[PDB]
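S.K.: Questions regarding the structure given below will be posed in turn.
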Amino acid sequence: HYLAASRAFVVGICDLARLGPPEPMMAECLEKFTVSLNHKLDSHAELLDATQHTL
Amino acid sequence: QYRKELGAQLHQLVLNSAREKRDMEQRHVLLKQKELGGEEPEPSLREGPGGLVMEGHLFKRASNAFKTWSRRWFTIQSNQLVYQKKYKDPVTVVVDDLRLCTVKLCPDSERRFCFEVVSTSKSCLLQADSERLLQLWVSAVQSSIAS
Amino acid sequence: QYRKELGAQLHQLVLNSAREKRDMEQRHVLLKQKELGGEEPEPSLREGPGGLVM
Amino acid sequence: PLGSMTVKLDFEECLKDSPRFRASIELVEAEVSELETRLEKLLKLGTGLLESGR
Amino acid sequence: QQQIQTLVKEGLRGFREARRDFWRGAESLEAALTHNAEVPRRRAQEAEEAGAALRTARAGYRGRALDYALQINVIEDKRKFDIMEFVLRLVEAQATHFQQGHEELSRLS
Amino acid sequence: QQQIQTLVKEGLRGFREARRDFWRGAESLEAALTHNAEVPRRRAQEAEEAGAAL
């Protein structure tokens with residue numbers, strides 16, 4: 001529920017980004033910040049998969 | 001590391017902007033005080049792909065039963081006069097040809113700044129915003145009648 | 001006669017005004033850009049009828 | 001320049017009042033309302049994330 | 001609160017008030033044109049008075065148009081930065097959280 | 001029509017729009033003071049941010 005809550009919040013920051021102009025700082029930095037956010041959600045998913053295994 | 005490096009470019013960038021849009025505001029009060037114009041926008045009679053072009057606002061009379069006056073944007077191009085019915089949508093023809101038109105300077109009319117263009121298939125009364133604009137729309141049709 | 005004489009003073013008076021309140025506006029954008037203060041109003045500790053007032 | 005509202009607003013016809021200019025004033029606004037709903041959707045999701053987090 | 005709420009709360013106020021007066025001036029311009037066109041040519045003084053108000057309408061509408069231009073021109077630069085700032089502050093708190101938890105990692109190990 | 005109607009129609013618009021924003025700014029100032037006063041002294045960065053908005 002937390003990872004899905006986050007995952008929907010990171011899509012809302014993404015939506016700004018395609019609305020805006022597609023300039024180098026927006027185009028590359030703003031995208032590298034938000035993809036690192038999604039990467040971290042998936043890794044954290046692997047920890048809830050491994051907690052479940054454990055339990 | 002990325003955050004603190006970008007974030008540092010971000011504070012100066014927006015200081016840069018803060019100066020920028022104030023500079024713009026400072027030119028603007030200078031524009032309003034010193035250079036701001038009360039005169040009507042003036043159309044231009046200048047050569048294009050096929051001869052002289054002019055485009056601009058005019059008043060005309062509607063096709064309703066009261067014949068009520070209304071403002072539309074008119075173009076003279078390729079020995080034709082058309083009127084635009086919406087922005088980005090096909091135009092409608094007002095006079096089929098200009099080489100077959102005559103141009104009425106209407107000195108005994110009640111209506112002010114008006115002219116009439118009368119062609120074989122079609123006529124149109126029209127009315128402009130200034131004595132300059134009358135003479136400039138009457139001369140553009142009059143060069144057009146000589147094409 | 002009174003109408004045309006006063007009425008003549010009236011057109012210049014309001015031209016005078018038109019300049020006046022624009023001058024005021026021109027100082028004001030200069031005030032806002034250059035001299036406008038973000039700091040709090042500061043009280044003053046100064047002698048009156050019976051000693052110091054604030 | 002390359003800005004999203006820049007490239008669909010006509011500075012050039014802004015004193016001149018063409019149907020183009022009236023079209024740009026209208027056209028640019030649609031992004032303004034868009035941007036305001038997306039800002040609002042981000043605030044709602046922000047409390048959802050705060051609620052589930054806690 | 002610092003960013004997005006401040007942004008929707010403060011940041012479209014001065015542009016929408018410039019939009020309000022600009023379309024009021026449009027309104028003023030259209031009746032200005034209306035009163036300029038419907039006068040008869042015999043009533044010269046009255047028509048000159050009506051055209052003087054049109055010189056008013058047209059000028060001050062150019063004046064209103066510039067303000068709209070200023071204010072749209074501010075929000076194009078402003079929109080990008082504020083939301084970049086918001087994302088800056090997001091991954092900042094993350095970096096700060098993993099580092100506190102990484103810092104005692106040796107004691108845990 | 002030229003005078004009195006023009007006068008009530010045009011002539012209080014720009015003052016009432018200046019009145020609207022001035023009292024909005026008053027509103028803004030009062031919450032600005034409100035957020036400046038209620039911060040604790042230990043939370044220095046947050047308080048400095050709130051005083052910058054003031």
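Order determines the names: the first chain of the structure tokens is A, the second B, and so forth; residues in each chain are numbered 1 upward, and ligands are numbered 1 upward as they are shown.
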Would you mind listing what lies within 12 Å of residue 38 (chain C) as an MDAnalysis selection string, with only C-alpha atoms counted and same-chain residues fewer than 4 positions away left out?
M.R.: (chainID C and resid 32 34 42) or (chainID F and resid 29 51:54)
S.K.: Keeping only N, CA and C atoms, take the residues you just selected and write them out as an mmCIF file, in the first residue's frame.
M.R.:
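The result, stored in again-v2.cif:
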data_model
loop_
_atom_site.group_PDB
_atom_site.id
_atom_site.type_symbol
_atom_site.label_atom_id
_atom_site.label_comp_id
_atom_site.auth_asym_id
_atom_site.auth_seq_id
_atom_site.Cartn_x
_atom_site.Cartn_y
_atom_site.Cartn_z
ATOM 1 N N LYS C 32 9.148 51.147 -5.565
ATOM 2 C CA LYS C 32 9.005 49.682 -5.442
ATOM 3 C C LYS C 32 10.312 48.890 -5.822
ATOM 4 N N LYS C 34 13.618 49.980 -6.222
ATOM 5 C CA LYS C 34 14.827 50.586 -5.663
ATOM 6 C C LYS C 34 14.983 50.951 -4.184
ATOM 7 N N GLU C 42 10.034 49.747 12.972
ATOM 8 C CA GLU C 42 10.765 49.796 14.250
ATOM 9 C C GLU C 42 10.253 50.920 15.120
ATOM 10 N N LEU F 29 -0.035 38.861 4.950
ATOM 11 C CA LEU F 29 0.762 39.409 6.031
ATOM 12 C C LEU F 29 0.360 38.794 7.344
ATOM 13 N N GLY F 51 10.497 33.438 8.098
ATOM 14 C CA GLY F 51 10.833 34.862 8.117
ATOM 15 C C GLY F 51 11.194 35.467 6.757
ATOM 16 N N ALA F 52 11.770 34.684 5.808
ATOM 17 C CA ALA F 52 12.040 35.059 4.449
ATOM 18 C C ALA F 52 10.700 35.281 3.738
ATOM 19 N N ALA F 53 9.645 34.430 3.854
ATOM 20 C CA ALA F 53 8.330 34.668 3.361
ATOM 21 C C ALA F 53 7.679 35.947 3.951
ATOM 22 N N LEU F 54 7.863 36.217 5.285
ATOM 23 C CA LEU F 54 7.500 37.491 5.939
ATOM 24 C C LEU F 54 8.210 38.728 5.382
#
S.K.: Using only C-alpha atoms and a distance of at most 9 Å, pull out the residues of chain A that contact chain E, as a JSON list (two decimals) with C-alpha atoms, in the first residue's frame.
M.R.:
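Wrote selection15.json, looks like this:
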[["chain", "number", "residue", "atom", "x", "y", "z"],
["A", 13, "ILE", "CA", 5.81, 14.44, -10.45],
["A", 16, "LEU", "CA", 4.70, 18.05, -14.87],
["A", 17, "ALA", "CA", 7.79, 17.04, -16.78],
["A", 20, "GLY", "CA", 6.98, 21.53, -19.52],
["A", 21, "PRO", "CA", 9.61, 22.36, -22.04],
["A", 26, "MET", "CA", 14.30, 18.91, -17.13],
["A", 30, "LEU", "CA", 14.45, 15.69, -13.58],
["A", 33, "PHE", "CA", 15.71, 11.90, -10.09],
["A", 34, "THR", "CA", 12.30, 10.27, -10.62],
["A", 37, "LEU", "CA", 12.64, 6.91, -7.15]]
S.K.: Tell me which protein, DNA and RNA residues are within 9 Å of region 29-39 of chain D, counting only C-alpha atoms, leaving out same-chain ones fewer than 3 positions away, and put them as a ChimeraX atom specification.
M.R.: /A:12-13,15-16,19 /D:4-5,24-26,42-43 /E:4-5,7-8,12,79
S.K.: F:10, F:38, F:49, F:30: which is nearest residue 24 (chain E), counting only C-alpha atoms?
M.R.: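 Checking each candidate against residue 24 (chain E), we get F:10 as the closest.
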S.K.: With only C-alpha atoms as the basis for distance, which of B:114, B:106, B:62, B:138 is at the shortest distance from residue 39 (chain E)?
M.R.: B:114
S.K.: List every residue of chain C that DSSP, applied to the backbone, labels as strand (DSSP E), and write the result as an MDAnalysis selection string.
M.R.: chainID C and resid 46:47 52:53
S.K.: Put those residues in a file: N, CA and C atoms, as a PDB file, in the first residue's frame.
M.R.:
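So again27.pdb came out as:
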ATOM      1  N   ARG C  46      11.881  57.732  22.484  1.00  0.00           N
ATOM      2  CA  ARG C  46      12.225  59.182  22.443  1.00  0.00           C
ATOM      3  C   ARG C  46      11.369  60.051  23.473  1.00  0.00           C
ATOM      4  N   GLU C  47      12.058  61.049  24.044  1.00  0.00           N
ATOM      5  CA  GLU C  47      11.425  61.836  25.137  1.00  0.00           C
ATOM      6  C   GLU C  47      10.203  62.635  24.696  1.00  0.00           C
ATOM      7  N   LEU C  52      10.645  59.128  28.325  1.00  0.00           N
ATOM      8  CA  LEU C  52      10.694  58.317  27.141  1.00  0.00           C
ATOM      9  C   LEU C  52       9.378  57.622  26.822  1.00  0.00           C
ATOM     10  N   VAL C  53       8.960  57.622  25.533  1.00  0.00           N
ATOM     11  CA  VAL C  53       7.728  57.099  24.984  1.00  0.00           C
ATOM     12  C   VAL C  53       8.100  56.041  23.985  1.00  0.00           C
TER      13      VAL C  53
END
S.K.: Please report, as a ChimeraX atom specification, each residue of chain C to which DSSP assigns alpha helix (DSSP H) when run on this structure's backbone.
M.R.: /C:2-30
S.K.: Work out how far CA of residue 105 (chain B) is from CA of residue 50 (chain B), in Å to one decimal.
M.R.: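 Taking CA of residue 50 (chain B) as the start and CA of residue 105 (chain B) as the end point, the length is 26.8 Å.
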S.K.: Under the rule of at most 12 Å, produce a per-residue listing of chain C near chain F: chain, number, name, the closest pair of atoms, and the distance in Å, as CSV, using only C-alpha atoms.
M.R.:
residue,atom,partner,partner_atom,distance
C:37,CA,F:54,CA,11.6
C:38,CA,F:54,CA,7.9
C:39,CA,F:54,CA,8.8
C:40,CA,F:54,CA,9.1
S.K.: Can I get the selected residues back with N, CA and C atoms, as a PDB file, in the first residue's frame?
M.R.:
ATOM      1  N   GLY C  37      10.968  48.341   1.358  1.00  0.00           N
ATOM      2  CA  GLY C  37      11.602  47.764   2.438  1.00  0.00           C
ATOM      3  C   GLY C  37      10.901  46.508   2.921  1.00  0.00           C
ATOM      4  N   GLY C  38      11.603  45.387   3.106  1.00  0.00           N
ATOM      5  CA  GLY C  38      11.014  44.204   3.661  1.00  0.00           C
ATOM      6  C   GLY C  38      11.025  44.057   5.157  1.00  0.00           C
ATOM      7  N   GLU C  39      11.657  44.976   5.909  1.00  0.00           N
ATOM      8  CA  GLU C  39      12.013  44.916   7.348  1.00  0.00           C
ATOM      9  C   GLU C  39      10.786  45.328   8.121  1.00  0.00           C
ATOM     10  N   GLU C  40      10.638  44.944   9.359  1.00  0.00           N
ATOM     11  CA  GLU C  40       9.573  45.286  10.200  1.00  0.00           C
ATOM     12  C   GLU C  40       9.674  46.772  10.568  1.00  0.00           C
TER      13      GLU C  40
END
S.K.: Give me, please, the distance in Å between CA of residue 115 (chain B) and CA of residue 61 (chain B), quoted to one decimal.
M.R.: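 Answer for the CA of residue 115 (chain B) to CA of residue 61 (chain B) separation: 12.4 Å.
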S.K.: Quick one: contact table of chain D to chain B, 12 Å max, nearest atom pair and distance in Å to one decimal per residue, counting only C-alpha atoms, chain and number order, as CSV?
M.R.:
residue,atom,partner,partner_atom,distance
D:13,CA,B:41,CA,10.5
D:14,CA,B:41,CA,11.5
D:15,CA,B:41,CA,8.7
D:16,CA,B:41,CA,6.1
D:17,CA,B:41,CA,8.2
D:18,CA,B:56,CA,8.2
D:19,CA,B:87,CA,6.6
D:20,CA,B:87,CA,7.1
D:21,CA,B:87,CA,10.3
D:22,CA,B:87,CA,9.4
D:23,CA,B:87,CA,7.4
D:24,CA,B:87,CA,10.7
D:26,CA,B:87,CA,11.8
D:27,CA,B:87,CA,11.9
